[PDB]
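S.K.: once you've seen the sequence and the experimental structure below, I've got questions.
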Amino acid sequence: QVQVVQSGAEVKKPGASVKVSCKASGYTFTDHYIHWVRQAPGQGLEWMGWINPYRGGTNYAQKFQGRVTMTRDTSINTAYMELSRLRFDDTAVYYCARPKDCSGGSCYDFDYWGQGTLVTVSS
Amino acid sequence: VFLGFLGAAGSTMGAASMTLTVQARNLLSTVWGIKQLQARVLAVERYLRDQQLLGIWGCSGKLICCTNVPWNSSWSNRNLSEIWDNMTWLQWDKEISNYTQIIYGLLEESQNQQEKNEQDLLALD
Amino acid sequence: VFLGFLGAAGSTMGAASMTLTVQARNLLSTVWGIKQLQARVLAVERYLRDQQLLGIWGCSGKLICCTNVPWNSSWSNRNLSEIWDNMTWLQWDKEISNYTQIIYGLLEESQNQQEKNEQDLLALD
Amino acid sequence: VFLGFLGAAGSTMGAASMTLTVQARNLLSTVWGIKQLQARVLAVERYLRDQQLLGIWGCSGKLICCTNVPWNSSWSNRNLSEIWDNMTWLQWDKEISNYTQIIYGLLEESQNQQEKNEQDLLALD
Amino acid sequence: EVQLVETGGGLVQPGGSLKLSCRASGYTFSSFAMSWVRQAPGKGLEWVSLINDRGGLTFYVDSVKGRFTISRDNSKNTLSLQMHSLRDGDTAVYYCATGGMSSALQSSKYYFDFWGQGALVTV
Amino acid sequence: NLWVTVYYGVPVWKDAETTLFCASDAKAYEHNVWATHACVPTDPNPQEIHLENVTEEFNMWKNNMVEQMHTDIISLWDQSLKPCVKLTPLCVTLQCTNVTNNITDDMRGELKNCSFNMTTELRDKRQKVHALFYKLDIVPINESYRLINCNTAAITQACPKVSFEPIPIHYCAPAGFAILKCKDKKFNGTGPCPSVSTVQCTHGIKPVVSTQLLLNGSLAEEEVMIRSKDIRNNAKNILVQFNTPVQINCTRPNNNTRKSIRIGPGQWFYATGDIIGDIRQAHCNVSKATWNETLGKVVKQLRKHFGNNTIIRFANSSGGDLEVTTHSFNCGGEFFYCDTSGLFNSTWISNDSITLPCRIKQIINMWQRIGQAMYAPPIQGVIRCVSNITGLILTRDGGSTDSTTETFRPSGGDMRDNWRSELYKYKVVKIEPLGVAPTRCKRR
Amino acid sequence: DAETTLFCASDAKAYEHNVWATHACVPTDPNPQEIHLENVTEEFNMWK
Amino acid sequence: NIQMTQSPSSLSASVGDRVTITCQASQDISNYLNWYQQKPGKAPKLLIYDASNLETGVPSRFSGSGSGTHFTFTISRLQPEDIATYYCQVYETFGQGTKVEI
Ligand SMILES: *[C@@H]1O[C@H](CO)[C@@H](O[C@@H]2O[C@H](CO)[C@@H](O[C@@H]3O[C@H](CO[C@H]4O[C@H](CO)[C@@H](O)[C@H](O)[C@@H]4O)[C@@H](O)[C@H](O[C@H]4O[C@H](CO)[C@@H](O)[C@H](O[C@H]5O[C@H](CO)[C@@H](O)[C@H](O)[C@@H]5O)[C@@H]4O)[C@@H]3O)[C@H](O)[C@H]2NC(C)=O)[C@H](O)[C@H]1NC(C)=O
Ligand SMILES: *[C@@H]1O[C@H](CO)[C@@H](O[C@@H]2O[C@H](CO)[C@@H](O[C@@H]3O[C@H](CO)[C@@H](O)[C@H](O)[C@@H]3O)[C@H](O)[C@H]2NC(C)=O)[C@H](O)[C@H]1NC(C)=O
Ligand SMILES: *[C@@H]1O[C@H](CO)[C@@H](O[C@@H]2O[C@H](CO)[C@@H](O[C@@H]3O[C@H](CO)[C@@H](O)[C@H](O)[C@@H]3O)[C@H](O)[C@H]2NC(C)=O)[C@H](O)[C@H]1NC(C)=O
Ligand SMILES: *[C@@H]1O[C@H](CO)[C@@H](O[C@@H]2O[C@H](CO)[C@@H](O[C@@H]3O[C@H](CO)[C@@H](O)[C@H](O)[C@@H]3O)[C@H](O)[C@H]2NC(C)=O)[C@H](O)[C@H]1NC(C)=O
Ligand SMILES: *[C@@H]1O[C@H](CO)[C@@H](O[C@@H]2O[C@H](CO)[C@@H](O[C@@H]3O[C@H](CO)[C@@H](O)[C@H](O)[C@@H]3O)[C@H](O)[C@H]2NC(C)=O)[C@H](O)[C@H]1NC(C)=O
Ligand SMILES: *[C@@H]1O[C@H](CO)[C@@H](O[C@@H]2O[C@H](CO)[C@@H](O[C@@H]3O[C@H](CO)[C@@H](O)[C@H](O)[C@@H]3O)[C@H](O)[C@H]2NC(C)=O)[C@H](O)[C@H]1NC(C)=O
Ligand SMILES: *[C@@H]1O[C@H](CO)[C@@H](O[C@@H]2O[C@H](CO)[C@@H](O)[C@H](O)[C@H]2NC(C)=O)[C@H](O)[C@H]1NC(C)=O
Ligand SMILES: *[C@@H]1O[C@H](CO)[C@@H](O[C@@H]2O[C@H](CO)[C@@H](O)[C@H](O)[C@H]2NC(C)=O)[C@H](O)[C@H]1NC(C)=O
Ligand SMILES: *[C@@H]1O[C@H](CO)[C@@H](O[C@@H]2O[C@H](CO)[C@@H](O)[C@H](O)[C@H]2NC(C)=O)[C@H](O)[C@H]1NC(C)=O
Ligand SMILES: *[C@@H]1O[C@H](CO)[C@@H](O[C@@H]2O[C@H](CO)[C@@H](O)[C@H](O)[C@H]2NC(C)=O)[C@H](O)[C@H]1NC(C)=O
Ligand SMILES: *[C@@H]1O[C@H](CO)[C@@H](O[C@@H]2O[C@H](CO)[C@@H](O)[C@H](O)[C@H]2NC(C)=O)[C@H](O)[C@H]1NC(C)=O
Ligand SMILES: *[C@@H]1O[C@H](CO)[C@@H](O[C@@H]2O[C@H](CO)[C@@H](O)[C@H](O)[C@H]2NC(C)=O)[C@H](O)[C@H]1NC(C)=O
Ligand SMILES: *[C@@H]1O[C@H](CO)[C@@H](O)[C@H](O)[C@H]1NC(C)=O
Ligand SMILES: *[C@@H]1O[C@H](CO)[C@@H](O)[C@H](O)[C@H]1NC(C)=O
Ligand SMILES: *[C@@H]1O[C@H](CO)[C@@H](O)[C@H](O)[C@H]1NC(C)=O
Ligand SMILES: *[C@@H]1O[C@H](CO)[C@@H](O)[C@H](O)[C@H]1NC(C)=O
Ligand SMILES: *[C@@H]1O[C@H](CO)[C@@H](O)[C@H](O)[C@H]1NC(C)=O
Ligand SMILES: *[C@@H]1O[C@H](CO)[C@@H](O)[C@H](O)[C@H]1NC(C)=O
Ligand SMILES: *[C@@H]1O[C@H](CO)[C@@H](O)[C@H](O)[C@H]1NC(C)=O
Ligand SMILES: *[C@@H]1O[C@H](CO)[C@@H](O)[C@H](O)[C@H]1NC(C)=O
Ligand SMILES: *[C@@H]1O[C@H](CO)[C@@H](O)[C@H](O)[C@H]1NC(C)=O
């Protein structure tokens, strides 16, 4: 029984840095990628990036390059995502999606999305 | 494959002789890996020993093979009806197991060996 | 031994049927020792399963064996020229794999079994 | 089983040819468990290689098999008496081992293959 | 385009011998069974002998069973008929023809499709 | 009219998976991480039969030979490491200072001179020893140092006699199975191959463990080959195979010692100890011009998939471990991690040497197992090394806001793609020798 | 009557860590086939 | 990268009828398109993966079919549990989304 737990909602300030996390149990952590997708309030889904939990390989969307940093800890089976230089538009529900088995399938069909994490950027 | 396996075990020998292929198909398929491999190898060499016994007689590639060894009434004095219509193969094996080796010895002593030699010689004339 | 192995794989079935012995000779030859032994044992029992299938038909010790099973046009309605002079064995297998089990069942159902029983009976008269 | 094994090794080839079944019955039966299993598997696949060689000729299930390959005096120019009444099988093997592969090649080249094809064709008329 | 030319017909004394030959062109010689059929001058056709496509199987009418010998060479595209102990009944025009049988991998060809010119043998 | 006829020896095969044994010449020595417990001697006559009129579907991305090689190589690493010295008495507090020897500014802080108490052959006596440790192997116990794996894993010394030099291994099929080789020179590893042959064993494949660059691999015959499970998917790595290789010159200039310390009754710990002469950074040189023409060819072949007018950008790795963020490899016995930021730093519009600094490491978790690490003993002398860069493993950047440009970065880590680059043309098939067909012949 | 080494079949579903079916036994059989042997009386002994 | 267009942007339909949503890709993407359902205040839930296969636990009334450039998501009956925003996805790109309504 796969469980994808996520950190609690947070409130930050312009120029701050947020560090979300994503505990993922019930499967081999290093077999599946971990994608990060943010949904702005009342808007469509936007894909931030993915991390390969095997050796920490990361792919970031172009607009987040330099500001986002995905990391992992395999011992406790959790993926972290740090967003720096926060701005007002960064207010969103950040989800950690787990695609199905990456070895013999695409790393983009997401079974378990986990709970969200509401980050609010305000002054 | 496994369907009907030994289903005619309680049938008469005559009736169980029409189902020989279900019981013939079923004779061929860490430390526990070694155990499974030993089981598989044992099954293989057993099957090959039985096929070798069939082949040193004239019965190679045959599930029913008629021979030139006469039946001796010292092994069983029942008439064909008691054997093929009243008895089962398990009862027959229980009755005839004491002479089985004599019968096998006679099967490979003279009939197949002298037959083969005589066919060696008949291929000259 | 390995020379010409599968060389007629793209030949016509008629032409590839003259090279059956090159593909028949090639079916018989720590943890990794167990792996190699498992491979060898698997090859042996596979070869023996194929030989058992040949033997429960009338095809023991034969690479080409004619039978008494008629061909049904529900399996393939091509004429001999399309099969043995225009098609290859891989294409034929792709075409006929859906009926292969029916054909095998017919091969061991009546022809070899009733033949054997009839030869049992013809050795009486 | 082991009785008489290789007892006719020093007999003449003609006299040793009457004891082929004693030497044919004897070809079929932790790290040391793997060693014993490797020995058993090797014996099995060797026996099967020999039986395959017999079967790709017309010699399946036979300990003596007459063929259609003529004898060439380039392999041995002795008369039957020197071979079957004066020589032993070990001496004959020492004499004929240089041509054995040529003889095997001829046995499976034309005689069994063309025979089989000709019996395929004779089952048409 | 098929051509079958017979050579070797002539005069031979009774009890003699004669080798008829038939050279074939215009088709695959090795893919056809061959036959020899003789017609005595005032009488009708009579089948003499038959040989398969590979040249391994030979069949004869019982009147010439031990005396005649049909053979072929596929490399040279030739069909030979050796005749020994010739009797007076063998006086005929001999035709080499293609057909008589076929391989198991071919349709039945129980007929003589392409005939030759003829070779006159007189005893 | 027609009758069933049974044929045995029919040339028909199916797709299947099996255990492949490994053939190897295994000459020399009188101590190999691979061909000592698993594989067997080679074949004097490698026989290859071309299967004419044969078109066969291949798929390098669902090849079980790659998985078998992965499992075999991991297991062979473990087996080679089993009969060696366990270095559990070296998880103690280390008093470390900077190296007083002449050190270049680049190498300042990289090496630490660490003094510590160690066991002797007699269990009731202790020895005061000192050793040189790279900074990447050494974690401060508090904000006194400790090795890096002491919190997480036990450490085992690699046997110095056992050499880490790849030797070729040929993967051979058992009886009843065949290996089909795709002989097409433009093949991208998926789909129908018209030119097929059958082989007893694969070619000599060196199990080279590396990231971001395929060293000592095979070369493409005609052109640079771009291969990907899905070229449109940024999550899938892109395997680039070169047609001409790029020579790479690697070296650790330090003249190094190997001090032997008797830690146990018969157990030895091989530390670095001292350096004779100056201390300089390990590094790898490649030719600037050769790299330029190779990257131009790679761009030319990438534009086939990504459009002819698009801008192809080469940038360094976005992140990950030191194994994947750098060209990690091992030749000479020591484990190099080279910054390839100079290799990948370009923008190609549609229209001398490079020196890569390298850091050495002695504590390695090669396959990221839990509770297991290896100590690589130091090598006496100066280690140099020459290799052929024969390919790349790339990753395309996703979520591009600009549609005119595409960015490709180094990738790796999963070595199943390192030997997918070698086993792409091979396919294991399973012989089905029994066929049934109609003939006019009838049994009597 | 004879004695032999019996292999163990097991469905082994779940988990992604079993004291038994991880090194010794093998997957199950979709169709468990049982054939009733009619006219068969057989001597059993659970204690041997 | 691969642009997508998902239509209709907003759909209102009564219970029982079928809902057909269409996603059009910017190029050939084989069958690697996924359909997700997102209820308000909850994470998206995958219904269709590889554009034809059905995720386990999904009722059979949800179905998808398509290839190449064009893909279609079909909900045969608008049962009351189904009111949610539906998204198509190819690789990193998510569709603009469509909200069914009663
Ligand atoms: C890609 O492929 C390339 C080609 O294969 C690889 O390069 C090769 O790398 C290997 C490994 O480093 C090199 O092998 C070394 O070569 C030297 C010996 O070869 C020659 O060297 C001398 C001149 O250079 C010459 O005089 C010699 O006679 C000889 O011909 C040595 O560096 C080294 O030898 C050592 O090998 C043993 C195992 O490593 C080692 O035990 C020995 O030393 C130890 O033992 C002795 C005796 O007990 C002691 O005296 C020593 O103190 C020590 O304890 C022995 O000295 C080794 O063979 C190879 O030369 C090189 N080839 C080329 C063409 O450059 C790349 O590495 C590959 N790349 C990757 C990433 O894998
Ligand atoms: C178990 O043993 C019993 C005998 O104790 C076997 O019963 C016999 O079964 C056959 C086959 O069903 C019966 O043949 C049928 O009989 C009637 C005439 O009686 C006829 O309608 C049919 O033509 C058919 O031949 C037979 O009568 C019956 N004999 C008895 C009860 O004496 C039974 O087959 C055995 N079952 C096994 C081995 O599975
Ligand atoms: C691959 O398929 C081709 C057909 O697409 C096969 O070509 C055929 O090869 C045979 C044997 O060499 C040729 O027979 C020869 O032909 C000429 C007359 O054309 C004649 O001089 C000879 O007597 C001989 O029979 C045949 O012509 C040729 N047929 C074609 C090209 O249509 C080829 O054999 C296949 N190769 C394999 C399976 O290895
Ligand atoms: C070992 O070699 C010797 C020859 O060097 C073999 O001796 C032969 O043995 C046979 C069988 O016992 C003898 O045949 C018998 O001979 C006499 C007539 O001499 C007769 O009474 C019997 O009818 C019978 O045939 C044979 O004479 C004898 N020949 C000799 C000594 O020249 C011996 O058999 C070999 N032993 C083996 C292979 O075990
Ligand atoms: C790492 O530090 C150790 C000390 O913990 C260094 O070795 C020690 O260095 C001192 C000063 O060079 C040595 O003392 C000298 O020894 C020579 C004879 O070897 C003598 O002629 C001089 O008068 C002086 O006493 C000392 O022996 C040596 N060992 C110890 C245990 O103290 C080591 O060189 C350092 N390594 C690096 C790379 O900096
Ligand atoms: C990789 O490329 C670099 C840069 O070209 C090479 O460094 C150069 O190496 C040479 C040969 O050792 C050095 O020449 C020597 O330098 C010293 C100081 O003058 C002295 O021992 C000699 O008089 C001689 O000139 C050269 O200075 C050095 N250049 C730089 C900029 O570091 C390096 O050797 C190459 N490494 C390989 C192929 O492994
Ligand atoms: C190695 O062990 C010695 C003792 O054999 C340690 O020396 C002791 O260090 C402590 C802590 O500073 C002092 O309180 C003791 O007085 C010292 N004892 C002696 C006899 O000198 C030494 O610190 C250890 N060295 C290491 C871990 O590098
Ligand atoms: C990498 O090393 C190789 C040799 O392993 C070097 O090749 C030699 O280069 C020199 C200098 O140009 C030539 O004189 C030699 O003929 C070359 N061959 C050999 C066998 O020595 C190569 O130059 C090095 N490449 C660099 C530093 O880019
Ligand atoms: C690495 O350092 C060792 C330290 O000994 C050097 O070995 C000595 O080399 C000289 C020649 O320069 C020989 O005369 C000595 O006999 C060697 N002594 C030994 C092995 O104990 C070695 O040459 C250095 N190697 C380099 C700089 O490549
Ligand atoms: C990839 O290259 C970038 C620069 O293009 C490196 O980022 C720099 O890293 C250095 C060293 O930590 C910092 O001093 C700079 O401030 C960084 N610059 C920027 C713009 O971020 C990056 O470290 C390189 N990555 C790898 C894996 O080598
Ligand atoms: C990556 O590329 C940039 C631009 O080519 C390199 O930086 C330039 O290097 C020249 C010298 O060749 C300097 O004079 C410029 O000031 C640099 N430009 C910029 C924008 O920094 C940079 O060093 C490269 N990074 C590598 C090779 O790691
Ligand atoms: C580096 O690459 C070159 C070029 O491929 C290799 O040299 C070739 O070696 C093969 C070995 O079979 C020969 O057949 C070729 O003739 C060689 N080509 C040339 C141009 O010399 C060289 O061996 C490779 N070096 C390493 C260390 O792998
Ligand atoms: C039958 O067996 C007896 C011994 O039980 C034996 O003496 C007799 O000769 C045998 N009969 C035949 C015909 O073989
Ligand atoms: C077979 O002979 C043994 C000799 O001990 C005897 O005990 C047994 O009862 C005999 N069996 C039969 C069926 O005659
Ligand atoms: C051929 O197959 C059909 C079913 O496909 C079957 O009904 C028919 O009886 C078969 N014909 C013969 C002659 O067996
Ligand atoms: C065999 O039957 C299956 C049934 O699903 C079908 O999918 C397949 O196309 C059939 N093959 C042939 C060659 O008729
Ligand atoms: C016998 O062998 C020789 C070569 O030693 C060969 O030339 C000759 O044709 C062979 N004879 C026969 C009849 O096959
Ligand atoms: C067989 O041929 C080899 C060739 O080297 C030769 O040495 C040997 O003496 C020959 N043996 C016989 C029995 O002729
Ligand atoms: C020792 O090296 C460290 C970096 O590892 C540095 O911060 C410190 O100042 C150095 N101390 C010296 C040279 O005394
Ligand atoms: C690989 O080549 C095949 C044709 O052989 C083609 O259909 C396929 O799209 C190619 N793969 C890629 C990623 O371009
Ligand atoms: C790199 O290659 C391109 C190919 O167009 C060339 O224009 C450029 O000058 C090269 N750069 C260097 C530094 O050699």
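M.R.: Okay, I see it. Residues are numbered from 1 along each chain as shown, chains lettered A, B, ... in the order given. Ligands and ions are numbered 1, 2, ... in the order given.

S.K.: surely residue F:304 meets residue F:223?
M.R.: No - the criterion here is C-beta atoms under 8 Å, and residue F:304 misses it with residue F:223 at 10.2 Å. For every residue, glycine as well, the C-beta is placed using N, CA and C.

S.K.: those two: which is more packed in?
M.R.: Between residue F:304 and residue F:223, residue F:223 has the larger neighbour count (other C-beta atoms under 10 Å in any protein chain shown), namely 14 against 10.

S.K.: show me what contacts the more buried one?
M.R.: If you count contacts by C-beta atoms under 8 Å, 6 or more residues apart in numbering or on different chains, residue F:223 has them with F:186, F:243, F:297, F:301.

S.K.: helix, strand, or coil at it?
M.R.: coil (DSSP: H, G, I helix; E, B strand; the rest coil).

S.K.: check which helix or strand the residue in chain E positioned nearest to chain H maps to.
M.R.: Nearest residue of chain E to chain H (C-beta to the nearest C-beta) works out as residue E:105 at 42.7 Å. Secondary structure assignment for residue E:105, by DSSP states H and E: no helix or strand.

S.K.: tell me how far the nearest residue to it once chain neighbours are set aside lies from chain G.
M.R.: Counting by C-beta to C-beta, 6 or more residues apart in numbering or on different chains, residue C:84 is the residue found nearest to residue E:105 once chain neighbours are left out, at 3.9 Å. Taking C-beta to the nearest C-beta, to the nearest Å as the measure, residue C:84 falls 39 Å from chain G.

S.K.: circling back to that earlier point, and the residue of chain E closest to chain H, how close does it get to residue C:86?
M.R.: Remark: distance between residue E:105 and residue C:86 (C-beta to C-beta, to the nearest Å) = 12 Å.

S.K.: more neighbours: those two, which one.
M.R.: Per other C-beta under 10 Å, whichever of residue E:105 and residue C:86 has more neighbours is residue E:105, with 24 against 13.

S.K.: in contact with the more buried one, which residues?
M.R.: Residue E:105 sits next to C:13-14, C:17, C:80, C:83-85, F:439 when contact means C-beta under 8 Å, 6+ apart.

S.K.: on that earlier part again, what sits against the residue nearest to residue E:105?
M.R.: By C-beta under 8 Å, 6+ apart, the neighbours of residue C:84 are C:12-14, C:17, E:105-106, F:437.

S.K.: and the gap between it and residue F:5?
M.R.: Residue C:84 is 11 Å from residue F:5, by C-beta to C-beta.

S.K.: residues shared between the contacts of these two?
M.R.: Joint contacts of residue C:84 and residue F:5 (C-beta under 8 Å, 6+ apart) are residue F:437.

S.K.: which residues of chain E lie near ligand 13?
M.R.: Taking C-beta under 6 Å from any ligand atom, no part of chain E reaches ligand 13.

S.K.: tell me which residue is most central in chain E.
M.R.: With distances taken as C-alpha atoms, centre = their mean, the residue of chain E nearest its centroid is residue E:36 (2.4 Å).

S.K.: looking at chain B, which residue is nearest chain C?
M.R.: In chain B, the residue found nearest to chain C is residue B:61; the distance is 2.5 Å by C-beta to the nearest C-beta.

S.K.: for that residue, helix, strand, or coil?
M.R.: Secondary structure of residue B:61, per three-state DSSP, is coil.

S.K.: quick one: contacts for it?
M.R.: Residue B:61 makes contacts with B:54, C:54-55, C:60-61, D:60-61, as judged by C-beta under 8 Å, 6+ apart.

S.K.: widest-spaced pair of these?
M.R.: B:54 and C:54 (14.4 Å; C-beta to C-beta).

S.K.: from residue C:77, how far out is the residue in chain E that ligand 11 sits nearest to?
M.R.: Nearest to ligand 11 in chain E, going by C-beta to the nearest ligand atom, is residue E:105, at a distance of 70.2 Å. Remark: distance between residue E:105 and residue C:77 (C-beta to C-beta) = 17 Å.

S.K.: surely residue F:212 touches residue F:411?
M.R.: Yes - between residue F:212 and residue F:411 a contact is recorded at 6.9 Å, counting by C-beta under 8 Å.

S.K.: what's around the nearest residue to residue F:332 once chain neighbours are set aside, how many residues?
M.R.: Distances taken as C-beta to C-beta, 6+ apart place residue F:383 nearest to residue F:332, at 3.4 Å, with adjacent residues excluded. By the criterion of other C-beta under 10 Å, residue F:383 has 20 neighbours.

S.K.: what do you get for residue B:74?
M.R.: So residue B:74, with other C-beta under 10 Å, has 8 neighbours.

S.K.: I'm done for today, thanks for sticking with me.
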